[PDB]
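Asker: Just data08.pdb, nothing more (PDB, C-alpha atoms (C1' of nucleotides)):
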```
MODEL        1
ATOM      1  CA  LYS W 114      31.690  19.328  37.835  1.00  0.00           C
ATOM      2  CA  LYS W 115      29.076  16.564  37.915  1.00  0.00           C
ATOM      3  CA  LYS W 116      28.523  13.101  36.456  1.00  0.00           C
ATOM      4  CA  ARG W 117      25.889  10.348  36.460  1.00  0.00           C
ATOM      5  CA  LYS W 118      24.352   7.736  34.186  1.00  0.00           C
ATOM      6  CA  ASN W 119      21.061   5.881  33.986  1.00  0.00           C
ATOM      7  CA  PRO W 120      20.707   2.771  31.798  1.00  0.00           C
ATOM      8  CA  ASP W 121      17.464   1.487  30.291  1.00  0.00           C
ATOM      9  CA  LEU W 122      16.100  -1.950  31.185  1.00  0.00           C
ATOM     10  CA  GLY W 123      12.980  -4.036  30.689  1.00  0.00           C
ATOM     11  CA  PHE W 124       9.692  -2.101  30.796  1.00  0.00           C
ATOM     12  CA  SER W 125       8.949  -4.432  33.679  1.00  0.00           C
ATOM     13  CA  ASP W 126       5.717  -2.709  34.710  1.00  0.00           C
ATOM     14  CA  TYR W 127       4.157   0.408  33.227  1.00  0.00           C
ATOM     15  CA  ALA W 128       4.816   1.804  36.702  1.00  0.00           C
ATOM     16  CA  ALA W 129       8.586   1.598  36.223  1.00  0.00           C
ATOM     17  CA  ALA W 130       8.599   3.657  33.031  1.00  0.00           C
ATOM     18  CA  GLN W 131       6.107   6.123  34.488  1.00  0.00           C
ATOM     19  CA  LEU W 132       8.381   6.510  37.504  1.00  0.00           C
ATOM     20  CA  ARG W 133      11.471   7.120  35.388  1.00  0.00           C
ATOM     21  CA  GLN W 134       9.609   9.796  33.463  1.00  0.00           C
ATOM     22  CA  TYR W 135       8.455  11.419  36.682  1.00  0.00           C
ATOM     23  CA  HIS W 136      12.026  11.479  37.936  1.00  0.00           C
ATOM     24  CA  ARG W 137      13.179  13.350  34.868  1.00  0.00           C
ATOM     25  CA  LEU W 138      10.322  15.856  34.931  1.00  0.00           C
ATOM     26  CA  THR W 139      10.713  16.464  38.657  1.00  0.00           C
ATOM     27  CA  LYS W 140      14.443  17.101  38.333  1.00  0.00           C
ATOM     28  CA  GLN W 141      13.700  19.664  35.629  1.00  0.00           C
ATOM     29  CA  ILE W 142      11.407  21.944  37.610  1.00  0.00           C
ATOM     30  CA  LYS W 143      12.842  25.030  39.307  1.00  0.00           C
ATOM     31  CA  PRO W 144      10.678  26.811  41.900  1.00  0.00           C
ATOM     32  CA  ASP W 145      10.597  30.488  42.813  1.00  0.00           C
ATOM     33  CA  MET W 146      11.028  31.046  46.539  1.00  0.00           C
ATOM     34  CA  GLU W 147       9.796  34.576  45.891  1.00  0.00           C
ATOM     35  CA  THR W 148       6.264  33.500  45.040  1.00  0.00           C
ATOM     36  CA  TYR W 149       6.485  30.865  47.762  1.00  0.00           C
ATOM     37  CA  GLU W 150       7.180  33.441  50.467  1.00  0.00           C
ATOM     38  CA  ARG W 151       4.575  35.786  48.995  1.00  0.00           C
ATOM     39  CA  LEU W 152       1.936  33.051  49.179  1.00  0.00           C
ATOM     40  CA  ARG W 153       3.300  32.208  52.620  1.00  0.00           C
ATOM     41  CA  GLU W 154       2.958  35.556  54.342  1.00  0.00           C
ATOM     42  CA  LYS W 155      -0.700  35.693  53.345  1.00  0.00           C
ATOM     43  CA  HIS W 156      -1.847  32.311  54.621  1.00  0.00           C
ATOM     44  CA  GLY W 157       0.700  31.204  57.228  1.00  0.00           C
ATOM     45  CA  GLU W 158      -0.452  28.245  59.288  1.00  0.00           C
ATOM     46  CA  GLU W 159      -2.768  27.078  56.493  1.00  0.00           C
ATOM     47  CA  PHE W 160       0.430  26.174  54.608  1.00  0.00           C
ATOM     48  CA  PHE W 161       1.019  23.001  56.562  1.00  0.00           C
ATOM     49  CA  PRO W 162      -2.182  20.926  56.356  1.00  0.00           C
ATOM     50  CA  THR W 163      -2.473  17.308  57.289  1.00  0.00           C
ATOM     51  CA  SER W 164      -4.574  15.066  55.081  1.00  0.00           C
ATOM     52  CA  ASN W 165      -7.513  15.961  57.305  1.00  0.00           C
ATOM     53  CA  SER W 166      -6.483  19.162  59.053  1.00  0.00           C
ATOM     54  CA  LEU W 167      -7.158  22.393  57.209  1.00  0.00           C
ATOM     55  CA  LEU W 168      -9.286  23.791  54.401  1.00  0.00           C
ATOM     56  CA  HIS W 169      -9.523  26.820  52.160  1.00  0.00           C
ATOM     57  CA  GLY W 170     -12.048  26.561  49.373  1.00  0.00           C
ATOM     58  CA  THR W 171     -10.055  26.942  46.184  1.00  0.00           C
ATOM     59  CA  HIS W 172      -6.756  28.441  45.053  1.00  0.00           C
ATOM     60  CA  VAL W 173      -7.421  30.286  41.798  1.00  0.00           C
ATOM     61  CA  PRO W 174      -4.456  30.404  39.410  1.00  0.00           C
ATOM     62  CA  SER W 175      -3.207  33.285  37.294  1.00  0.00           C
ATOM     63  CA  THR W 176      -3.506  32.228  33.676  1.00  0.00           C
ATOM     64  CA  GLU W 177       0.210  32.699  33.041  1.00  0.00           C
ATOM     65  CA  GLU W 178       0.741  29.799  35.437  1.00  0.00           C
ATOM     66  CA  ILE W 179      -1.757  27.605  33.605  1.00  0.00           C
ATOM     67  CA  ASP W 180       0.308  28.149  30.488  1.00  0.00           C
ATOM     68  CA  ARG W 181       3.289  26.493  32.156  1.00  0.00           C
ATOM     69  CA  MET W 182       1.469  23.223  32.760  1.00  0.00           C
ATOM     70  CA  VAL W 183      -0.092  23.343  29.290  1.00  0.00           C
ATOM     71  CA  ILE W 184       3.336  23.695  27.703  1.00  0.00           C
ATOM     72  CA  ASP W 185       4.731  20.820  29.742  1.00  0.00           C
ATOM     73  CA  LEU W 186       1.704  18.801  28.658  1.00  0.00           C
ATOM     74  CA  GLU W 187       2.497  19.337  25.003  1.00  0.00           C
ATOM     75  CA  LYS W 188       6.151  18.453  25.594  1.00  0.00           C
ATOM     76  CA  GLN W 189       5.414  15.181  27.378  1.00  0.00           C
ATOM     77  CA  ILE W 190       2.811  14.342  24.753  1.00  0.00           C
ATOM     78  CA  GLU W 191       5.392  14.672  21.974  1.00  0.00           C
ATOM     79  CA  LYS W 192       8.023  12.704  23.880  1.00  0.00           C
ATOM     80  CA  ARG W 193       5.443   9.954  24.379  1.00  0.00           C
ATOM     81  CA  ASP W 194       4.434  10.064  20.713  1.00  0.00           C
ATOM     82  CA  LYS W 195       7.979   8.943  19.935  1.00  0.00           C
ATOM     83  CA  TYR W 196       7.635   5.772  22.102  1.00  0.00           C
ATOM     84  CA  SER W 197       8.067   3.230  19.302  1.00  0.00           C
ATOM     85  CA  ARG W 198      11.047   3.779  17.023  1.00  0.00           C
ATOM     86  CA  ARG W 199      10.144   2.454  13.586  1.00  0.00           C
ATOM     87  CA  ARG W 200      12.674   0.519  11.528  1.00  0.00           C
ATOM     88  CA  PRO W 201      13.079   2.006   7.997  1.00  0.00           C
ATOM     89  CA  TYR W 202      11.297   0.243   5.057  1.00  0.00           C
ATOM     90  CA  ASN W 203      14.174  -2.048   4.029  1.00  0.00           C
ATOM     91  CA  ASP W 204      13.382  -4.045   0.859  1.00  0.00           C
ATOM     92  CA  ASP W 205      16.980  -5.384   0.709  1.00  0.00           C
ATOM     93  CA  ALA W 206      16.137  -8.774   2.391  1.00  0.00           C
ATOM     94  CA  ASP W 207      13.942 -11.591   0.904  1.00  0.00           C
ATOM     95  CA  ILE W 208      10.126 -11.015   0.833  1.00  0.00           C
ATOM     96  CA  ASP W 209       7.955 -14.002   1.815  1.00  0.00           C
ATOM     97  CA  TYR W 210       5.005 -11.986   3.309  1.00  0.00           C
ATOM     98  CA  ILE W 211       1.931 -10.867   1.276  1.00  0.00           C
ATOM     99  CA  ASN W 212       1.034  -7.655   3.302  1.00  0.00           C
ATOM    100  CA  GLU W 213       2.340  -5.608   6.294  1.00  0.00           C
ATOM    101  CA  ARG W 214       0.192  -7.566   8.780  1.00  0.00           C
ATOM    102  CA  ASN W 215       1.752 -10.771   7.359  1.00  0.00           C
ATOM    103  CA  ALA W 216       5.226  -9.213   7.408  1.00  0.00           C
ATOM    104  CA  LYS W 217       4.864  -8.391  11.151  1.00  0.00           C
ATOM    105  CA  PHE W 218       3.404 -11.835  11.957  1.00  0.00           C
ATOM    106  CA  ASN W 219       6.425 -13.433  10.242  1.00  0.00           C
ATOM    107  CA  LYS W 220       8.726 -11.168  12.384  1.00  0.00           C
ATOM    108  CA  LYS W 221       6.989 -12.259  15.662  1.00  0.00           C
ATOM    109  CA  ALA W 222       7.336 -15.907  14.523  1.00  0.00           C
ATOM    110  CA  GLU W 223      11.094 -15.236  13.916  1.00  0.00           C
ATOM    111  CA  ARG W 224      11.459 -14.206  17.581  1.00  0.00           C
ATOM    112  CA  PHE W 225       9.742 -17.319  18.964  1.00  0.00           C
ATOM    113  CA  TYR W 226      11.116 -20.216  16.719  1.00  0.00           C
ATOM    114  CA  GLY W 227      14.950 -20.322  16.555  1.00  0.00           C
TER     115      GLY W 227
ATOM    116  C1'   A X   1      33.219  16.873  30.534  1.00  0.00           C
ATOM    117  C1'   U X   2      28.413  19.485  30.252  1.00  0.00           C
ATOM    118  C1'   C X   3      23.807  21.503  27.216  1.00  0.00           C
ATOM    119  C1'   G X   4      21.118  21.668  22.755  1.00  0.00           C
ATOM    120  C1'   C X   5      20.262  20.468  17.322  1.00  0.00           C
ATOM    121  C1'   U X   6      21.095  17.315  13.359  1.00  0.00           C
ATOM    122  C1'   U X   7      22.916  12.560  10.813  1.00  0.00           C
ATOM    123  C1'   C X   8      23.506   7.384  10.862  1.00  0.00           C
ATOM    124  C1'   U X   9      23.312   2.566  13.993  1.00  0.00           C
ATOM    125  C1'   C X  10      21.176  -0.694  17.731  1.00  0.00           C
ATOM    126  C1'   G X  11      18.076  -2.614  21.614  1.00  0.00           C
ATOM    127  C1'   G X  12      13.019  -2.654  24.023  1.00  0.00           C
ATOM    128  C1'   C X  13       7.407  -2.330  23.087  1.00  0.00           C
ATOM    129  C1'   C X  14       5.916  -3.993  18.785  1.00  0.00           C
ATOM    130  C1'   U X  15      -1.291  -8.966  22.097  1.00  0.00           C
ATOM    131  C1'   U X  16      -1.698  -3.238  18.112  1.00  0.00           C
ATOM    132  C1'   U X  17      -2.633  -8.951  14.614  1.00  0.00           C
ATOM    133  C1'   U X  18      -4.800 -15.038  12.563  1.00  0.00           C
ATOM    134  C1'   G X  19     -14.340 -14.864  13.928  1.00  0.00           C
ATOM    135  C1'   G X  20     -16.421 -20.067  17.233  1.00  0.00           C
ATOM    136  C1'   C X  21     -17.996 -25.382  16.220  1.00  0.00           C
ATOM    137  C1'   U X  22     -18.707 -30.722  13.139  1.00  0.00           C
ATOM    138  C1'   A X  23     -18.491 -35.918   9.806  1.00  0.00           C
ATOM    139  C1'   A X  24      -9.867 -32.347   8.050  1.00  0.00           C
ATOM    140  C1'   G X  25     -18.190 -29.644   7.615  1.00  0.00           C
ATOM    141  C1'   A X  26     -18.830 -32.363   2.550  1.00  0.00           C
ATOM    142  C1'   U X  27     -17.322 -33.112  -2.375  1.00  0.00           C
ATOM    143  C1'   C X  28     -14.311 -32.524  -7.153  1.00  0.00           C
ATOM    144  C1'   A X  29     -12.125 -31.252 -11.221  1.00  0.00           C
ATOM    145  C1'   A X  30     -11.903 -34.449 -18.330  1.00  0.00           C
ATOM    146  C1'   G X  31     -12.439 -32.196 -23.374  1.00  0.00           C
ATOM    147  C1'   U X  32     -11.053 -27.821 -29.135  1.00  0.00           C
ATOM    148  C1'   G X  33     -12.429 -32.322 -34.157  1.00  0.00           C
ATOM    149  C1'   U X  34     -16.106 -29.753 -36.891  1.00  0.00           C
ATOM    150  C1'   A X  35     -18.673 -25.902 -38.435  1.00  0.00           C
ATOM    151  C1'   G X  36     -20.825 -21.475 -37.636  1.00  0.00           C
ATOM    152  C1'   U X  37     -21.752 -16.796 -34.691  1.00  0.00           C
ATOM    153  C1'   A X  38     -20.039 -12.197 -32.848  1.00  0.00           C
ATOM    154  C1'   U X  39     -16.278  -8.464 -32.223  1.00  0.00           C
ATOM    155  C1'   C X  40     -12.579  -5.966 -33.671  1.00  0.00           C
ATOM    156  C1'   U X  41      -8.825  -5.589 -37.848  1.00  0.00           C
ATOM    157  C1'   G X  42      -7.921  -4.011 -43.287  1.00  0.00           C
ATOM    158  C1'   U X  43     -10.758  -1.688 -47.840  1.00  0.00           C
ATOM    159  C1'   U X  44     -14.095   0.569 -51.541  1.00  0.00           C
ATOM    160  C1'   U X  45      -1.842   0.563 -58.866  1.00  0.00           C
ATOM    161  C1'   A X  46       0.965   4.249 -62.110  1.00  0.00           C
ATOM    162  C1'   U X  47      -1.205   5.309 -67.371  1.00  0.00           C
ATOM    163  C1'   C X  48      -2.595   3.459 -71.990  1.00  0.00           C
ATOM    164  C1'   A X  49      -4.650  -0.491 -75.998  1.00  0.00           C
ATOM    165  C1'   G X  50      -8.382  -3.465 -76.666  1.00  0.00           C
ATOM    166  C1'   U X  51     -12.568  -6.806 -75.116  1.00  0.00           C
ATOM    167  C1'   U X  52     -16.984  -5.167 -72.726  1.00  0.00           C
ATOM    168  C1'   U X  53     -20.899  -2.401 -70.862  1.00  0.00           C
ATOM    169  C1'   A X  54     -26.687   2.366 -71.027  1.00  0.00           C
ATOM    170  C1'   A X  55     -22.435   4.169 -68.368  1.00  0.00           C
ATOM    171  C1'   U X  56     -19.165   2.176 -65.059  1.00  0.00           C
ATOM    172  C1'   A X  57     -16.810  -2.117 -64.089  1.00  0.00           C
ATOM    173  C1'   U X  58     -14.662  -6.717 -65.617  1.00  0.00           C
ATOM    174  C1'   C X  59     -11.192  -9.050 -68.652  1.00  0.00           C
ATOM    175  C1'   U X  60      -6.732  -8.930 -71.050  1.00  0.00           C
ATOM    176  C1'   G X  61      -2.008  -7.255 -71.706  1.00  0.00           C
ATOM    177  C1'   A X  62       4.246  -3.202 -70.112  1.00  0.00           C
ATOM    178  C1'   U X  63       5.353  -0.721 -66.785  1.00  0.00           C
TER     179        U X  63
ENDMDL
END
```
Kindly present the structure from the file in structure tokens form.

Answerer:
Amino acid sequence: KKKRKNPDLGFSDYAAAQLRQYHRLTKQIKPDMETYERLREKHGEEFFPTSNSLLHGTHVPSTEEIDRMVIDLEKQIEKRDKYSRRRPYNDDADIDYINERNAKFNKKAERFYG
RNA sequence: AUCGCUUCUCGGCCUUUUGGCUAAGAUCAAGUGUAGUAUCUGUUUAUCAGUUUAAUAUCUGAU
């Protein structure tokens, strides 16, 4: 059995959050060594190109593949859509604001003047 | 313990949100007494007796 934890911190740079998300997505993927070997026995030495070494024009993908990336796109898009968790419209406390822009400005002022 | 779904709670974003300047740009606010106008609003009580009138009505009188 296995165990780990990862706590959230400051967004410090957009890079940090991006990196966390990449970690998760990367861990998810599971590759088929079948297709890997199939692709391998055709091309051989072309498999291991340096930045500058080797070249074959284009690798054309079966559509079924393309569907995988499209699906992952939609998933990540949703997960990103949920970035900001909204606090429910609570009327219970005292109202001094005149509109929602004013309500939010009063909230930002509450953070900076204690 | 792990995975997923749902419910509530909390933290983080919340710049995504206070058009620029000058001589704070400059200045300041009084009253319903009289009438009338206009608009809505309401209308064109029950007999009978008389007075009256072209006829109504009015007037008078009990309801």

Asker: Can you tell me, as a PDB file with C-alpha atoms, keeping the file's coordinate frame, what residues are no more than 10 Å from residue 12 (chain X) when counting all atoms listed in the file, ignoring any on the same chain fewer than 3 positions away?

Answerer:
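Output file out-v1.pdb is given in full below:
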```pdb
ATOM      1  CA  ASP W 121      17.464   1.487  30.291  1.00  0.00           C
ATOM      2  CA  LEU W 122      16.100  -1.950  31.185  1.00  0.00           C
ATOM      3  CA  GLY W 123      12.980  -4.036  30.689  1.00  0.00           C
ATOM      4  CA  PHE W 124       9.692  -2.101  30.796  1.00  0.00           C
ATOM      5  CA  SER W 197       8.067   3.230  19.302  1.00  0.00           C
ATOM      6  CA  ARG W 198      11.047   3.779  17.023  1.00  0.00           C
TER       7      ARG W 198
END
```

Asker: May I have the protein, DNA and RNA residues with any atom at most 10 Å from the point (-0.9, -8.9, -74.3), counting all atoms listed in the file, written as a ChimeraX atom specification?

Answerer: /X:49-50,60-62

Asker: Would you mind listing, as a PyMOL selection string, all residues of chain W that have at least one atom within 12 Å of chain X, where only C-alpha atoms (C1' of nucleotides) are what counts?

Answerer: chain W and resi 114-117+120-127+130+195-201+212-221+224

Asker: Name the residues that the PyMOL selection byres ((chain X and resi 45) around 12) picks from the file above, as a list in words, using the file's chain letters and numbers.

Answerer: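 Given this file, the PyMOL selection byres ((chain X and resi 45) around 12) evaluates to residues 46, 47 and 63 of chain X.
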
Asker: Restricting the calculation to all atoms listed in the file: of W:178, W:191, W:185, W:170, which residue gets closest to residue 141 (chain W)?

Answerer: W:185

Asker: Using Å and a single decimal, report how far CA of residue 149 (chain W) sits from CA of residue 166 (chain W).

Answerer: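 So the answer is 20.8 Å.
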
Asker: Do you have the CA of residue 184 (chain W)-CA of residue 172 (chain W) distance handy?

Answerer: 20.6 Å

Asker: Might I get the box with edges along x, y and z of the file that holds all atoms of region 53-61 of chain X listed there, padded by 6 Å on every side, given as centre and edge lengths in Å to one decimal, as JSON?

Answerer:
```
{"center_x": -14.3, "center_y": -2.4, "center_z": -67.9, "size_x": 36.7, "size_y": 25.2, "size_z": 19.6}
```

Asker: If I take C1' of residue 57 (chain X) and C1' of residue 41 (chain X), how far is one from the other in Å, to one decimal?

Answerer: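 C1' of residue 57 (chain X) sits 27.6 Å away from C1' of residue 41 (chain X).
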